[PDB]
$ cat structure_8.txt   # compact mmCIF, N, CA, C and O atoms
# COMPACT_ATOMS: atom_id res chain seq x y z
N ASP M 51 25.93 105.93 -9.56
CA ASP M 51 24.65 105.27 -9.37
C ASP M 51 24.74 104.34 -8.18
O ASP M 51 25.72 103.60 -8.04
N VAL M 52 23.72 104.36 -7.34
CA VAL M 52 23.55 103.40 -6.27
C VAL M 52 22.07 103.11 -6.19
O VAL M 52 21.26 104.03 -6.07
N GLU M 53 21.70 101.84 -6.26
CA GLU M 53 20.32 101.46 -6.04
C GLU M 53 20.33 100.17 -5.23
O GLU M 53 21.00 99.22 -5.61
N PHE M 54 19.61 100.15 -4.12
CA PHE M 54 19.56 98.94 -3.34
C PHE M 54 18.12 98.51 -3.16
O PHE M 54 17.19 99.17 -3.62
N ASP M 55 17.95 97.37 -2.51
CA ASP M 55 16.66 96.83 -2.13
C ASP M 55 16.70 96.56 -0.64
O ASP M 55 17.47 95.72 -0.18
N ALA M 56 15.87 97.25 0.12
CA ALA M 56 15.97 97.09 1.55
C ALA M 56 15.03 96.00 2.06
O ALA M 56 14.23 95.43 1.32
N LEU M 57 15.14 95.72 3.35
CA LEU M 57 14.14 94.97 4.08
C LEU M 57 13.84 95.82 5.30
O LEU M 57 14.71 96.02 6.14
N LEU M 58 12.63 96.36 5.38
CA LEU M 58 12.33 97.39 6.34
C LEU M 58 11.71 96.86 7.62
O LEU M 58 11.40 97.66 8.51
N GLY M 59 11.50 95.56 7.74
CA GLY M 59 11.04 94.99 8.99
C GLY M 59 10.54 93.58 8.81
O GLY M 59 10.29 93.17 7.68
N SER M 60 10.41 92.81 9.88
CA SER M 60 9.82 91.48 9.80
C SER M 60 9.01 91.23 11.05
O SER M 60 9.53 91.34 12.16
N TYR M 61 7.75 90.85 10.88
CA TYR M 61 6.80 90.78 11.97
C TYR M 61 6.34 89.35 12.14
O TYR M 61 5.99 88.68 11.16
N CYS M 62 6.33 88.88 13.37
CA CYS M 62 5.96 87.52 13.67
C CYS M 62 4.68 87.53 14.48
O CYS M 62 4.12 88.57 14.80
N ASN M 63 4.22 86.34 14.81
CA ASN M 63 2.93 86.14 15.41
C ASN M 63 3.12 85.30 16.66
O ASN M 63 3.92 84.37 16.67
N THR M 64 2.40 85.64 17.72
CA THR M 64 2.44 84.86 18.94
C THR M 64 1.20 83.99 18.99
O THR M 64 0.09 84.49 19.20
N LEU M 65 1.39 82.69 18.80
CA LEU M 65 0.31 81.74 19.01
C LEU M 65 -0.11 81.78 20.47
O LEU M 65 0.73 81.85 21.37
N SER M 66 -1.41 81.75 20.71
CA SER M 66 -1.95 81.88 22.05
C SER M 66 -2.55 80.56 22.49
O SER M 66 -3.00 79.76 21.67
N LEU M 67 -2.56 80.34 23.80
CA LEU M 67 -2.86 79.03 24.36
C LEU M 67 -3.98 79.14 25.39
O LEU M 67 -3.87 79.91 26.34
N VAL M 68 -5.03 78.36 25.19
CA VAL M 68 -6.17 78.31 26.09
C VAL M 68 -6.11 76.99 26.85
O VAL M 68 -5.85 75.94 26.25
N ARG M 69 -6.36 77.04 28.15
CA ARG M 69 -6.31 75.85 28.93
C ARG M 69 -7.59 75.07 29.16
O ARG M 69 -7.53 73.94 29.59
N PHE M 70 -8.74 75.63 28.83
CA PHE M 70 -10.01 74.93 29.06
C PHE M 70 -10.35 74.64 30.51
O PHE M 70 -11.36 74.05 30.80
N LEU M 71 -9.50 75.03 31.42
CA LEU M 71 -9.80 74.86 32.82
C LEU M 71 -10.02 76.37 33.15
O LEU M 71 -10.76 76.68 34.05
N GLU M 72 -9.36 77.28 32.42
CA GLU M 72 -9.38 78.71 32.60
C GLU M 72 -10.65 79.34 32.09
O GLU M 72 -10.79 80.56 32.18
N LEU M 73 -11.56 78.58 31.53
CA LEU M 73 -12.74 79.20 30.95
C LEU M 73 -13.99 78.71 31.67
O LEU M 73 -13.93 77.88 32.58
N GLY M 74 -15.12 79.28 31.28
CA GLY M 74 -16.33 79.10 32.06
C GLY M 74 -17.03 77.80 31.77
O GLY M 74 -17.72 77.25 32.63
N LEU M 75 -16.86 77.29 30.56
CA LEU M 75 -17.52 76.07 30.15
C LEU M 75 -17.04 74.86 30.93
O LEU M 75 -17.64 73.80 30.81
N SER M 76 -15.98 75.00 31.72
CA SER M 76 -15.48 73.89 32.52
C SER M 76 -16.37 73.57 33.70
O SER M 76 -16.19 72.51 34.31
N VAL M 77 -17.28 74.46 34.07
CA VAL M 77 -18.13 74.13 35.19
C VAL M 77 -19.03 72.99 34.80
O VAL M 77 -19.37 72.16 35.64
N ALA M 78 -19.31 72.84 33.52
CA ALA M 78 -20.35 71.95 33.02
C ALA M 78 -19.90 70.52 32.94
O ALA M 78 -20.62 69.71 32.37
N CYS M 79 -18.72 70.19 33.46
CA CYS M 79 -18.18 68.85 33.36
C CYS M 79 -17.32 68.56 34.58
O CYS M 79 -16.64 69.46 35.09
N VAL M 80 -17.32 67.32 35.02
CA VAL M 80 -16.41 66.87 36.06
C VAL M 80 -15.32 66.09 35.34
O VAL M 80 -15.50 64.92 35.04
N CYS M 81 -14.16 66.69 35.14
CA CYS M 81 -13.12 66.04 34.37
C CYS M 81 -12.25 65.21 35.30
O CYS M 81 -11.84 65.68 36.36
N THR M 82 -12.00 63.96 34.91
CA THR M 82 -11.04 63.10 35.57
C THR M 82 -10.31 62.34 34.49
O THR M 82 -10.96 61.76 33.62
N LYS M 83 -8.99 62.32 34.53
CA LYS M 83 -8.23 61.62 33.52
C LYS M 83 -8.08 60.16 33.92
O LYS M 83 -7.60 59.85 35.01
N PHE M 84 -8.54 59.29 33.05
CA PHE M 84 -8.53 57.85 33.26
C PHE M 84 -7.58 57.28 32.23
O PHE M 84 -7.96 57.16 31.05
N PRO M 85 -6.35 56.93 32.60
CA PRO M 85 -5.36 56.55 31.59
C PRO M 85 -5.65 55.23 30.90
O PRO M 85 -5.03 54.96 29.87
N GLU M 86 -6.53 54.41 31.44
CA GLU M 86 -6.86 53.11 30.88
C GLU M 86 -8.09 53.11 29.99
O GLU M 86 -8.59 52.03 29.67
N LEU M 87 -8.65 54.27 29.65
CA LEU M 87 -9.76 54.27 28.71
C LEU M 87 -9.48 53.43 27.48
O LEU M 87 -10.39 52.80 26.94
N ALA M 88 -8.24 53.41 27.01
CA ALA M 88 -7.93 52.64 25.83
C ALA M 88 -8.10 51.15 26.07
O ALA M 88 -8.41 50.40 25.15
N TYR M 89 -7.92 50.72 27.31
CA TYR M 89 -8.00 49.32 27.68
C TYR M 89 -9.37 48.92 28.16
O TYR M 89 -9.50 47.87 28.78
N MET M 90 -10.36 49.77 28.00
CA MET M 90 -11.65 49.55 28.62
C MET M 90 -12.64 49.02 27.59
O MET M 90 -12.34 48.91 26.40
N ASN M 91 -13.84 48.68 28.05
CA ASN M 91 -14.89 48.17 27.17
C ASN M 91 -16.15 49.02 27.32
O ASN M 91 -16.45 49.80 26.42
N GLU M 92 -16.87 48.91 28.43
CA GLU M 92 -18.14 49.60 28.63
C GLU M 92 -18.16 50.22 30.02
O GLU M 92 -18.06 49.49 31.00
N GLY M 93 -18.31 51.54 30.10
CA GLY M 93 -18.50 52.19 31.38
C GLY M 93 -19.95 52.32 31.80
O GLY M 93 -20.82 52.56 30.99
N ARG M 94 -20.19 52.22 33.10
CA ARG M 94 -21.51 52.38 33.68
C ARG M 94 -21.42 53.41 34.78
O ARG M 94 -20.44 53.43 35.52
N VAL M 95 -22.41 54.28 34.86
CA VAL M 95 -22.58 55.18 35.99
C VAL M 95 -24.01 55.06 36.45
O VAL M 95 -24.91 55.61 35.81
N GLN M 96 -24.24 54.45 37.61
CA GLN M 96 -25.58 54.02 37.98
C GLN M 96 -26.23 54.94 39.00
O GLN M 96 -25.57 55.56 39.83
N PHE M 97 -27.56 55.01 38.93
CA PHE M 97 -28.36 55.94 39.70
C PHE M 97 -29.47 55.22 40.44
O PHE M 97 -30.03 54.24 39.95
N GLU M 98 -29.82 55.73 41.62
CA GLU M 98 -30.98 55.28 42.37
C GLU M 98 -31.70 56.52 42.88
O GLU M 98 -31.11 57.31 43.60
N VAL M 99 -32.95 56.70 42.49
CA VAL M 99 -33.75 57.81 42.99
C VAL M 99 -35.00 57.24 43.63
O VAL M 99 -35.71 56.42 43.04
N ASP D 51 -3.91 42.46 24.02
CA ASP D 51 -5.05 43.32 24.27
C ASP D 51 -5.59 42.98 25.64
O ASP D 51 -6.03 41.85 25.87
N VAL D 52 -5.55 43.94 26.56
CA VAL D 52 -6.15 43.76 27.87
C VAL D 52 -7.29 44.76 28.02
O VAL D 52 -7.10 45.96 27.83
N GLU D 53 -8.48 44.24 28.32
CA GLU D 53 -9.70 45.03 28.38
C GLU D 53 -10.40 44.83 29.71
O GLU D 53 -10.13 43.87 30.45
N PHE D 54 -11.29 45.76 30.02
CA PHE D 54 -12.16 45.68 31.19
C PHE D 54 -13.37 46.56 30.92
O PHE D 54 -13.41 47.30 29.95
N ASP D 55 -14.38 46.42 31.77
CA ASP D 55 -15.47 47.37 31.78
C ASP D 55 -15.79 47.74 33.21
O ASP D 55 -15.93 46.87 34.06
N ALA D 56 -15.90 49.04 33.46
CA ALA D 56 -15.81 49.61 34.79
C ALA D 56 -17.13 50.23 35.20
O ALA D 56 -17.88 50.74 34.37
N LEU D 57 -17.40 50.17 36.50
CA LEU D 57 -18.48 50.93 37.11
C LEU D 57 -17.87 52.23 37.59
O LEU D 57 -17.10 52.25 38.55
N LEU D 58 -18.19 53.32 36.92
CA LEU D 58 -17.51 54.58 37.16
C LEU D 58 -18.17 55.42 38.23
O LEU D 58 -17.69 56.52 38.51
N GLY D 59 -19.25 54.97 38.83
CA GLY D 59 -19.87 55.70 39.90
C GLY D 59 -21.24 55.18 40.23
O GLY D 59 -21.84 54.48 39.42
N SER D 60 -21.75 55.52 41.41
CA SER D 60 -23.11 55.20 41.80
C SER D 60 -23.68 56.37 42.57
O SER D 60 -23.06 56.84 43.53
N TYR D 61 -24.84 56.85 42.15
CA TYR D 61 -25.46 58.01 42.74
C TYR D 61 -26.80 57.63 43.34
O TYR D 61 -27.54 56.82 42.78
N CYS D 62 -27.08 58.20 44.50
CA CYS D 62 -28.33 58.04 45.20
C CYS D 62 -28.82 59.44 45.51
O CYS D 62 -28.07 60.41 45.40
N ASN D 63 -30.08 59.58 45.87
CA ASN D 63 -30.54 60.87 46.35
C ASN D 63 -30.99 60.75 47.80
O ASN D 63 -30.97 59.68 48.41
N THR D 64 -31.41 61.88 48.35
CA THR D 64 -31.98 61.91 49.68
C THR D 64 -33.46 62.19 49.55
O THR D 64 -33.86 63.23 49.03
N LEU D 65 -34.27 61.25 50.02
CA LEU D 65 -35.69 61.53 50.12
C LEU D 65 -35.88 62.56 51.23
O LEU D 65 -35.49 62.33 52.38
N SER D 66 -36.47 63.69 50.89
CA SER D 66 -36.58 64.81 51.80
C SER D 66 -37.91 64.76 52.51
O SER D 66 -38.94 64.45 51.90
N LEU D 67 -37.90 65.05 53.80
CA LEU D 67 -39.06 64.89 54.65
C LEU D 67 -39.51 66.26 55.13
O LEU D 67 -38.72 67.00 55.72
N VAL D 68 -40.76 66.58 54.84
CA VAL D 68 -41.35 67.84 55.13
C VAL D 68 -42.27 67.61 56.24
O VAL D 68 -42.78 66.54 56.37
N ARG D 69 -42.44 68.65 57.02
CA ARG D 69 -43.25 68.67 58.17
C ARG D 69 -44.31 69.62 57.80
O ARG D 69 -44.00 70.60 57.22
N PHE D 70 -45.56 69.35 58.10
CA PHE D 70 -46.65 70.26 57.80
C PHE D 70 -46.40 71.53 58.58
O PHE D 70 -46.68 72.60 58.11
N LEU D 71 -45.87 71.42 59.77
CA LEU D 71 -45.64 72.56 60.63
C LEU D 71 -44.71 73.66 60.10
O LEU D 71 -44.93 74.80 60.38
N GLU D 72 -43.67 73.34 59.37
CA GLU D 72 -42.89 74.35 58.71
C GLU D 72 -43.60 74.51 57.39
O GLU D 72 -43.22 73.93 56.38
N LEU D 73 -44.60 75.38 57.39
CA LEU D 73 -45.44 75.72 56.25
C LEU D 73 -46.21 76.97 56.63
O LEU D 73 -46.28 77.35 57.80
N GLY D 74 -46.80 77.61 55.63
CA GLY D 74 -47.71 78.67 55.94
C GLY D 74 -49.13 78.17 55.96
O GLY D 74 -50.00 78.85 56.48
N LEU D 75 -49.39 77.00 55.38
CA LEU D 75 -50.72 76.42 55.49
C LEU D 75 -51.14 76.21 56.92
O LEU D 75 -52.32 76.30 57.24
N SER D 76 -50.19 75.87 57.78
CA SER D 76 -50.52 75.56 59.15
C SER D 76 -51.11 76.75 59.88
O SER D 76 -51.62 76.58 60.99
N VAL D 77 -51.06 77.95 59.31
CA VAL D 77 -51.76 79.05 59.96
C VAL D 77 -53.24 78.96 59.69
O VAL D 77 -54.04 79.50 60.46
N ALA D 78 -53.65 78.24 58.66
CA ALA D 78 -55.04 78.14 58.27
C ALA D 78 -55.76 77.04 58.99
O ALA D 78 -56.89 76.71 58.63
N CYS D 79 -55.12 76.42 59.98
CA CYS D 79 -55.74 75.33 60.71
C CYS D 79 -55.22 75.31 62.13
O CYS D 79 -54.04 75.56 62.37
N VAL D 80 -56.10 74.99 63.06
CA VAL D 80 -55.71 74.60 64.40
C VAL D 80 -55.55 73.10 64.36
O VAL D 80 -56.46 72.40 63.93
N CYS D 81 -54.39 72.59 64.74
CA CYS D 81 -54.16 71.15 64.76
C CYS D 81 -54.06 70.68 66.20
O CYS D 81 -53.31 71.27 66.98
N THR D 82 -54.81 69.65 66.55
CA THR D 82 -54.62 68.98 67.83
C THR D 82 -54.63 67.48 67.62
O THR D 82 -55.29 66.96 66.72
N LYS D 83 -53.89 66.78 68.46
CA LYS D 83 -53.83 65.33 68.43
C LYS D 83 -54.87 64.79 69.39
O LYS D 83 -54.89 65.17 70.56
N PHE D 84 -55.74 63.93 68.89
CA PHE D 84 -56.83 63.38 69.68
C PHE D 84 -56.83 61.88 69.41
O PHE D 84 -57.45 61.42 68.45
N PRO D 85 -56.11 61.10 70.22
CA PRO D 85 -55.96 59.67 69.93
C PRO D 85 -57.25 58.88 69.97
O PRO D 85 -57.26 57.74 69.50
N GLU D 86 -58.32 59.43 70.53
CA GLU D 86 -59.60 58.75 70.64
C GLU D 86 -60.58 59.08 69.52
O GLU D 86 -61.76 58.76 69.66
N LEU D 87 -60.16 59.76 68.46
CA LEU D 87 -61.07 59.89 67.33
C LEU D 87 -61.69 58.57 66.92
O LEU D 87 -62.78 58.55 66.35
N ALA D 88 -61.01 57.45 67.17
CA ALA D 88 -61.59 56.16 66.86
C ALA D 88 -62.84 55.91 67.70
O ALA D 88 -63.86 55.44 67.19
N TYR D 89 -62.77 56.23 68.98
CA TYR D 89 -63.86 55.93 69.90
C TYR D 89 -64.91 57.01 69.97
O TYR D 89 -65.95 56.80 70.60
N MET D 90 -64.69 58.16 69.36
CA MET D 90 -65.72 59.16 69.40
C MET D 90 -66.87 58.73 68.50
O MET D 90 -66.77 57.77 67.73
N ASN D 91 -67.95 59.48 68.56
CA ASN D 91 -69.16 59.16 67.83
C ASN D 91 -69.55 60.41 67.06
O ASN D 91 -69.53 60.42 65.83
N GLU D 92 -69.88 61.47 67.79
CA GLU D 92 -70.12 62.78 67.21
C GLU D 92 -69.39 63.81 68.04
O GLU D 92 -69.57 63.86 69.25
N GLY D 93 -68.52 64.59 67.42
CA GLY D 93 -67.94 65.75 68.07
C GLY D 93 -68.70 66.99 67.68
O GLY D 93 -69.28 67.05 66.61
N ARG D 94 -68.68 68.00 68.54
CA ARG D 94 -69.40 69.23 68.28
C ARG D 94 -68.66 70.43 68.85
O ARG D 94 -68.02 70.35 69.89
N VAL D 95 -68.79 71.54 68.18
CA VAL D 95 -68.22 72.75 68.60
C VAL D 95 -69.46 73.54 68.58
O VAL D 95 -70.22 73.30 67.72
N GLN D 96 -69.71 74.46 69.50
CA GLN D 96 -70.92 75.23 69.46
C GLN D 96 -70.64 76.70 69.58
O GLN D 96 -69.79 77.06 70.30
N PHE D 97 -71.35 77.55 68.85
CA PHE D 97 -71.09 78.99 68.86
C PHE D 97 -72.22 79.93 69.32
O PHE D 97 -73.35 79.60 69.26
N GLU D 98 -71.89 81.10 69.80
CA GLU D 98 -72.88 82.07 70.22
C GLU D 98 -72.54 83.32 69.58
O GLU D 98 -71.39 83.65 69.59
N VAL D 99 -73.48 84.04 69.01
CA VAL D 99 -73.16 85.32 68.46
C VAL D 99 -74.22 86.18 68.97
O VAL D 99 -75.35 85.93 68.81
$ encode --input "structure_8.txt" --output "structure tokens"
Amino acid sequence: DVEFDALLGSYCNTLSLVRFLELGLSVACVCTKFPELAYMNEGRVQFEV
Amino acid sequence: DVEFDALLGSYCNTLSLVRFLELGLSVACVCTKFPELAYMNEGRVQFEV
């Protein structure tokens, strides 16, 4: 008598990464990284027409 | 805690200046400059058919 229990394969997954600069919705924003946002209070962006 | 509040930008526009001459309306009129319209009394154009 011989009886075994095999393992016939093991399948993994590749997590995928989106950059958000690589997509189309990035046109809709002017991104600038401001490292002092944490140290800030109130931002103003002023207009004259 | 060090804080600030920033002016993050200032935007202006350009008031755009149109000339009656770059138009298609100007084909519907003969335009002449007549600095003495002030001193005129009655102008007349006369026709013969």
$ atom_distance --input "structure_8.txt" --atom1 "atom O of residue 52 (chain D)" --atom2 "atom C of residue 88 (chain M)"
5.6 Å
$ interface_residues --input "structure_8.txt" --of "chain M" --to "chain D" --cutoff "9 Å" --atoms "only C-alpha atoms" --output "ChimeraX atom specification"
/M:86,88-99
$ atom_distance --input "structure_8.txt" --atom1 "atom C of residue 69 (chain M)" --atom2 "atom O of residue 85 (chain M)"
20.3 Å
$ calpha_fit_and_write --input "structure_8.txt" --fixed "chain M" --moving "chain D" --output "short mmCIF file (atom, residue, chain, number, x, y, z; two decimals) with N, CA, C and O atoms, keeping the file's coordinate frame"
data_model
loop_
_atom_site.label_atom_id
_atom_site.label_comp_id
_atom_site.auth_asym_id
_atom_site.auth_seq_id
_atom_site.Cartn_x
_atom_site.Cartn_y
_atom_site.Cartn_z
N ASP D 51 24.79 106.85 -9.78
CA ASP D 51 23.55 106.36 -9.20
C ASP D 51 23.88 105.14 -8.37
O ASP D 51 24.37 104.14 -8.90
N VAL D 52 23.65 105.22 -7.06
CA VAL D 52 23.82 104.07 -6.19
C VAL D 52 22.46 103.70 -5.61
O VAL D 52 21.77 104.54 -5.03
N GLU D 53 22.07 102.44 -5.81
CA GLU D 53 20.75 101.95 -5.44
C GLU D 53 20.87 100.71 -4.57
O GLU D 53 21.93 100.06 -4.52
N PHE D 54 19.79 100.41 -3.88
CA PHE D 54 19.66 99.18 -3.09
C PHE D 54 18.18 98.90 -2.92
O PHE D 54 17.33 99.72 -3.27
N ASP D 55 17.87 97.70 -2.44
CA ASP D 55 16.53 97.41 -2.00
C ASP D 55 16.59 96.68 -0.67
O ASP D 55 17.35 95.73 -0.52
N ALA D 56 15.80 97.15 0.28
CA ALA D 56 15.98 96.87 1.69
C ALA D 56 14.83 96.05 2.23
O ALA D 56 13.69 96.17 1.79
N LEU D 57 15.15 95.20 3.21
CA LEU D 57 14.15 94.53 4.02
C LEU D 57 13.94 95.40 5.24
O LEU D 57 14.80 95.49 6.11
N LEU D 58 12.79 96.05 5.31
CA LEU D 58 12.56 97.06 6.32
C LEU D 58 11.97 96.51 7.60
O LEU D 58 11.72 97.28 8.53
N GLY D 59 11.72 95.22 7.69
CA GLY D 59 11.22 94.64 8.91
C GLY D 59 10.72 93.24 8.71
O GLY D 59 10.45 92.84 7.58
N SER D 60 10.58 92.48 9.79
CA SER D 60 9.98 91.16 9.76
C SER D 60 9.13 90.99 11.00
O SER D 60 9.62 91.21 12.11
N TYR D 61 7.88 90.61 10.81
CA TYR D 61 6.94 90.48 11.90
C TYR D 61 6.47 89.04 12.00
O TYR D 61 6.26 88.37 10.99
N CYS D 62 6.34 88.58 13.23
CA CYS D 62 5.82 87.27 13.56
C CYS D 62 4.72 87.49 14.57
O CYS D 62 4.60 88.57 15.14
N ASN D 63 3.89 86.49 14.80
CA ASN D 63 2.94 86.59 15.89
C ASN D 63 3.23 85.51 16.93
O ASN D 63 4.13 84.69 16.79
N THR D 64 2.44 85.53 17.99
CA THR D 64 2.50 84.50 19.00
C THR D 64 1.26 83.65 18.90
O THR D 64 0.14 84.15 19.05
N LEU D 65 1.45 82.37 18.62
CA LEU D 65 0.33 81.45 18.71
C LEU D 65 -0.04 81.31 20.18
O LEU D 65 0.79 80.92 21.01
N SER D 66 -1.28 81.63 20.51
CA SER D 66 -1.72 81.69 21.88
C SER D 66 -2.36 80.37 22.27
O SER D 66 -3.10 79.77 21.48
N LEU D 67 -2.06 79.91 23.47
CA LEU D 67 -2.46 78.59 23.93
C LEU D 67 -3.45 78.74 25.07
O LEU D 67 -3.15 79.40 26.07
N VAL D 68 -4.62 78.16 24.88
CA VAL D 68 -5.71 78.24 25.79
C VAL D 68 -5.80 76.94 26.44
O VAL D 68 -5.44 75.96 25.85
N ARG D 69 -6.29 76.97 27.65
CA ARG D 69 -6.44 75.86 28.49
C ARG D 69 -7.90 75.76 28.64
O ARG D 69 -8.51 76.76 28.79
N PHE D 70 -8.49 74.59 28.57
CA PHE D 70 -9.92 74.42 28.75
C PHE D 70 -10.26 74.88 30.15
O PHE D 70 -11.29 75.45 30.37
N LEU D 71 -9.39 74.63 31.10
CA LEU D 71 -9.64 74.96 32.48
C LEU D 71 -9.87 76.44 32.81
O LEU D 71 -10.63 76.74 33.69
N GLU D 72 -9.21 77.37 32.16
CA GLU D 72 -9.54 78.76 32.32
C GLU D 72 -10.61 78.97 31.28
O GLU D 72 -10.35 79.43 30.17
N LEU D 73 -11.85 78.70 31.68
CA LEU D 73 -13.06 78.83 30.87
C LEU D 73 -14.23 78.73 31.82
O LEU D 73 -14.09 78.32 32.97
N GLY D 74 -15.40 79.12 31.33
CA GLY D 74 -16.58 78.87 32.10
C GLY D 74 -17.24 77.59 31.66
O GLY D 74 -18.08 77.07 32.38
N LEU D 75 -16.90 77.08 30.48
CA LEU D 75 -17.42 75.79 30.07
C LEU D 75 -17.07 74.69 31.04
O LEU D 75 -17.82 73.75 31.22
N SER D 76 -15.88 74.78 31.64
CA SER D 76 -15.42 73.73 32.51
C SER D 76 -16.31 73.57 33.73
O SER D 76 -16.15 72.59 34.46
N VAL D 77 -17.23 74.50 33.99
CA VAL D 77 -18.17 74.25 35.08
C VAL D 77 -19.23 73.28 34.64
O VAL D 77 -19.84 72.61 35.48
N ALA D 78 -19.44 73.11 33.35
CA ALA D 78 -20.48 72.26 32.82
C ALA D 78 -20.03 70.83 32.66
O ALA D 78 -20.74 70.03 32.05
N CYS D 79 -18.84 70.50 33.16
CA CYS D 79 -18.33 69.15 33.03
C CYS D 79 -17.44 68.83 34.21
O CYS D 79 -16.69 69.68 34.68
N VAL D 80 -17.51 67.59 34.66
CA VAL D 80 -16.52 67.02 35.55
C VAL D 80 -15.48 66.39 34.65
O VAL D 80 -15.83 65.59 33.79
N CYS D 81 -14.22 66.77 34.78
CA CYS D 81 -13.16 66.19 33.98
C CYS D 81 -12.28 65.33 34.86
O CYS D 81 -11.84 65.79 35.92
N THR D 82 -12.03 64.10 34.45
CA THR D 82 -11.01 63.28 35.10
C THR D 82 -10.16 62.60 34.04
O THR D 82 -10.62 62.30 32.94
N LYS D 83 -8.91 62.37 34.39
CA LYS D 83 -7.97 61.68 33.51
C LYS D 83 -8.01 60.21 33.84
O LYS D 83 -7.83 59.82 35.00
N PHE D 84 -8.25 59.39 32.84
CA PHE D 84 -8.38 57.95 33.02
C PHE D 84 -7.54 57.31 31.92
O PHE D 84 -8.03 57.09 30.81
N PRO D 85 -6.26 57.03 32.19
CA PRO D 85 -5.37 56.55 31.13
C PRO D 85 -5.76 55.21 30.54
O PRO D 85 -5.22 54.84 29.50
N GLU D 86 -6.64 54.46 31.19
CA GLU D 86 -7.06 53.14 30.74
C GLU D 86 -8.35 53.15 29.92
O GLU D 86 -8.92 52.08 29.71
N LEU D 87 -8.87 54.31 29.53
CA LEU D 87 -9.99 54.27 28.60
C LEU D 87 -9.74 53.35 27.42
O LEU D 87 -10.69 52.83 26.83
N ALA D 88 -8.48 53.14 27.03
CA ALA D 88 -8.19 52.21 25.96
C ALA D 88 -8.59 50.79 26.34
O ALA D 88 -9.19 50.07 25.54
N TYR D 89 -8.28 50.39 27.56
CA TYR D 89 -8.52 49.02 27.99
C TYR D 89 -9.89 48.79 28.57
O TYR D 89 -10.25 47.64 28.83
N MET D 90 -10.68 49.83 28.78
CA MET D 90 -12.00 49.59 29.29
C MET D 90 -12.86 48.98 28.18
O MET D 90 -12.47 48.93 27.01
N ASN D 91 -14.05 48.57 28.55
CA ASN D 91 -14.95 47.89 27.64
C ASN D 91 -16.28 48.62 27.72
O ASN D 91 -16.72 49.23 26.74
N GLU D 92 -16.91 48.58 28.89
CA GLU D 92 -18.10 49.36 29.17
C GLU D 92 -17.94 50.01 30.53
O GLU D 92 -17.65 49.32 31.50
N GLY D 93 -18.05 51.32 30.59
CA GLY D 93 -18.13 52.02 31.86
C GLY D 93 -19.57 52.30 32.20
O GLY D 93 -20.40 52.43 31.31
N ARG D 94 -19.88 52.42 33.48
CA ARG D 94 -21.24 52.66 33.92
C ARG D 94 -21.27 53.53 35.17
O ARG D 94 -20.40 53.44 36.02
N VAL D 95 -22.29 54.33 35.27
CA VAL D 95 -22.50 55.15 36.39
C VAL D 95 -23.86 54.68 36.69
O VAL D 95 -24.55 54.43 35.78
N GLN D 96 -24.28 54.53 37.94
CA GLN D 96 -25.61 54.08 38.23
C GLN D 96 -26.29 54.98 39.22
O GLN D 96 -25.66 55.42 40.11
N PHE D 97 -27.58 55.26 39.06
CA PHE D 97 -28.29 56.17 39.95
C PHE D 97 -29.49 55.63 40.74
O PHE D 97 -30.09 54.68 40.37
N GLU D 98 -29.82 56.23 41.85
CA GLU D 98 -30.96 55.82 42.65
C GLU D 98 -31.74 57.01 42.92
O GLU D 98 -31.14 58.00 43.25
N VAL D 99 -33.04 56.99 42.78
CA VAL D 99 -33.82 58.13 43.13
C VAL D 99 -34.90 57.57 43.92
O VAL D 99 -35.59 56.72 43.52
#
$ select_by_dssp --input "structure_8.txt" --residues "chain D" --states "strand (DSSP E)" --output "MDAnalysis selection string"
chainID D and resid 57:62
$ atom_distance --input "structure_8.txt" --atom1 "CA of residue 80 (chain D)" --atom2 "CA of residue 68 (chain D)"
18.4 Å
$ select_by_dssp --input "structure_8.txt" --residues "region 54-86 of chain M" --states "helix (DSSP H, G or I)" --output "VMD selection string"
chain M and resid 74 to 78
$ write_last_selection --input "structure_8.txt" --atoms "N, CA, C and O atoms" --output "PDB file, in the coordinates of the input"
ATOM      1  N   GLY M  74     -15.120  79.280  31.280  1.00  0.00           N
ATOM      2  CA  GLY M  74     -16.330  79.100  32.060  1.00  0.00           C
ATOM      3  C   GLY M  74     -17.030  77.800  31.770  1.00  0.00           C
ATOM      4  O   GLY M  74     -17.720  77.250  32.630  1.00  0.00           O
ATOM      5  N   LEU M  75     -16.860  77.290  30.560  1.00  0.00           N
ATOM      6  CA  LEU M  75     -17.520  76.070  30.150  1.00  0.00           C
ATOM      7  C   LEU M  75     -17.040  74.860  30.930  1.00  0.00           C
ATOM      8  O   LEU M  75     -17.640  73.800  30.810  1.00  0.00           O
ATOM      9  N   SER M  76     -15.980  75.000  31.720  1.00  0.00           N
ATOM     10  CA  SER M  76     -15.480  73.890  32.520  1.00  0.00           C
ATOM     11  C   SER M  76     -16.370  73.570  33.700  1.00  0.00           C
ATOM     12  O   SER M  76     -16.190  72.510  34.310  1.00  0.00           O
ATOM     13  N   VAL M  77     -17.280  74.460  34.070  1.00  0.00           N
ATOM     14  CA  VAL M  77     -18.130  74.130  35.190  1.00  0.00           C
ATOM     15  C   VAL M  77     -19.030  72.990  34.800  1.00  0.00           C
ATOM     16  O   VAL M  77     -19.370  72.160  35.640  1.00  0.00           O
ATOM     17  N   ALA M  78     -19.310  72.840  33.520  1.00  0.00           N
ATOM     18  CA  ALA M  78     -20.350  71.950  33.020  1.00  0.00           C
ATOM     19  C   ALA M  78     -19.900  70.520  32.940  1.00  0.00           C
ATOM     20  O   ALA M  78     -20.620  69.710  32.370  1.00  0.00           O
TER      21      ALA M  78
END
